[PDB]
Amino acid sequence: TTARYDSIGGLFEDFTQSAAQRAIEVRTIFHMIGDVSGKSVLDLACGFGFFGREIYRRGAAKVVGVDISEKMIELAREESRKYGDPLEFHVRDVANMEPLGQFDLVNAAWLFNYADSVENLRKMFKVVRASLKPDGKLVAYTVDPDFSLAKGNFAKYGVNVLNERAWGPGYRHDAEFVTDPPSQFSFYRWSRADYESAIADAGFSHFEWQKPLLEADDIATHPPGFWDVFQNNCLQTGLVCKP
Ligand SMILES: Nc1ncnc2c1ncn2[C@@H]1O[C@H](CSCC[C@H](N)C(=O)O)[C@@H](O)[C@H]1O
Ligand SMILES: Cn1c(=O)[nH]c2nncnc2c1=O
C-alpha cells in the first residue's frame, strides 16, 4: 500500500490556509455534523487531523483518525502533541480495514474520491456502516458526480485539475494543489448511480446530497464573477448517510 500524500505532507496544510474553497467546505461540513458534545467520532482520511481535532475542540468525547499515509499520520500525531489533545491515529487503507470500534459519527472529508475502483468504493461504504452505531450517521465530502472539466477548471479556488480521463465506469482526474511548488495528486469521479448503489448495498437506508454553502460574505470578498465556476460546475458535494 502506497500513499501519494507521503510526498505532499505539510504542503497540504499550506493549501488549506490559502485555498478560497476551503472555508466553504469547512462551513458545509460542520453544518452537516451539528453538535458533537459527548459523541464518539471516527475521522476517515483524516490528513493532519483537521476535522477530528476541531470536532474534539467542539466537545467530542473520543476521536480516532485514520489515514493511509504514514507521513500524514506523523503530522497528525505531531499536532496532537503540540496541543495536548486526546486524538489517536491509525495508518490504514480504509477500503481494506477492519472495524476499530462503534462510533456515533463517522466523518469522511475527501475519502471516497480516492477509491480507485467501484469495488473499492463499495468496500469503503461497508467499512463505514460497520463502524457506526445504529443511531449514528456518516458525514462525507467528495467529488460531485456532475463535475465536468469542460465546464471550467478550479485552479483559482485552489485545485488545478489537469485532465479528465476514463477510468472503468468513472473518470480519473490528475490535479495539483495550488501551493509553491504545486503538489500533484489524483482522484476519481464515480457516478451518482454508483455512489447510491454503494450506499444502499452497505446498509444505509437514508442519504442526502448537500450542495456547498456559499455565503454573501464569500461573494463580497472576491471580484465579480469569481465564484461562477464554483457554483455552476461544482467540483465538491457533501453527503450524509444514516443506517
Ligand atoms: N484509501 C484511503 N484510506 C485512507 N486514507 C486515504 C485513502 N486514500 C487517500 N487517503 C487520505 O485522504 C487524505 C485526503 S486530504 C483530506 C485530509 C482531511 N480529511 C482534511 O480535509 O483536512 C490524504 O491525507 C490521503 O492520504
Ligand atoms: C477534488 N478535491 C478537492 O477539490 N479538494 C480537495 N481537498 N483536499 C483533498 N482532496 C481534495 C480533492 O480531491
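If you check the header, you'll see the entry was determined by X-ray crystallography and the resolution is listed as 1.564 Å.

Per the PDB entry, the chain goes by Methyl transferase and derives from Burkholderia glumae. In the PDB, the title recorded for this entry is "Crystal structure of Burkholderia glumae ToxA with bound S-adenosylhomocysteine (SAH) and 1-demethyltoxoflavin".

Caption draft 1: Summary view of the overall build of the chain. Broken down by element type, the chain carries eight helices and 11 strands. Its C-alpha atoms put the chain at 45 × 40 × 35 Å along the principal axes. Looking at the chain residue by residue over its 243 residues, the buried ones come to 52%. A fraction of 70% describes how many contacts in the chain between residues 6 or more apart in sequence connect residues 24 or more apart. The averaged location of the 34 negative side-chain charges in the chain is 2 Å from the averaged location of its 27 positive side-chain charges.

Caption draft 2: Representation of the sheet that holds strand β10 (residues 206-210). Strand order in the open sheet made by the seven strands is β3-β2-β1-β4-β5-β11-β10, with mixed pairing throughout. Both edges of this open sheet fall to β3 (88-91) and β10, since each of them pairs with a single strand only. Averaged over all adjacent pairs, the angle separating strand axes in this sheet is 15 degrees, with direction ignored. Summarising the sheet, strand β2 (residues 62-67) and β3 pair through four bridges and their orientation is parallel. Note on β3: the bridge partner recorded for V66 is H90.

Caption draft 3: Region of interest: the site of ligand 1. If you check the shell around ligand 1, you find 19 residues, and the closest are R22, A45, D67, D93 and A109. In isolation ligand 1 exposes 580 Å². Once the protein is present, 96% of that is buried. A breakdown of the residues in the shell around ligand 1 according to their chemical character gives 13 nonpolar, two polar and four charged.

Caption draft 4: Structural view of the environment of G168. Its location among the elements puts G168 in the loop between β7 (165-167) and β8 (170-177). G168 sits 58 residues away from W110 along the chain, and the two C-alpha atoms are 20 Å apart.

Definitions and limits used
- Residues numbered from 1 in each chain as written, not as in the entry; some residues may be left out.
- Chains lettered and ligands numbered in written order.
- Heavy atoms only, no water.
- Helix = DSSP H or I, 4+ residues; strand = E, 2+ residues; numbered from the N terminus.
- Buried < 20%, exposed > 50% of the residue type's maximum accessible area, 1.4 Å probe, protein only.
- Contact = heavy atoms within 4.5 Å.
- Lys, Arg positive; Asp, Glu negative; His and termini not counted.
- Charge placed at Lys NZ, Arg CZ, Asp CG, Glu CD.
- Pairing = 2+ DSSP bridges.
- Axes fitted to C-alpha atoms, helices over the stretch in contact; angles between N-to-C directions.
- Near = heavy atom within 4 Å.
- Areas by Shrake-Rupley, 256 points an atom, 1.4 Å probe, with all protein chains shown as cover.
- Nonpolar A, V, L, I, M, F, W, Y, C, P; charged D, E, K, R; others polar.

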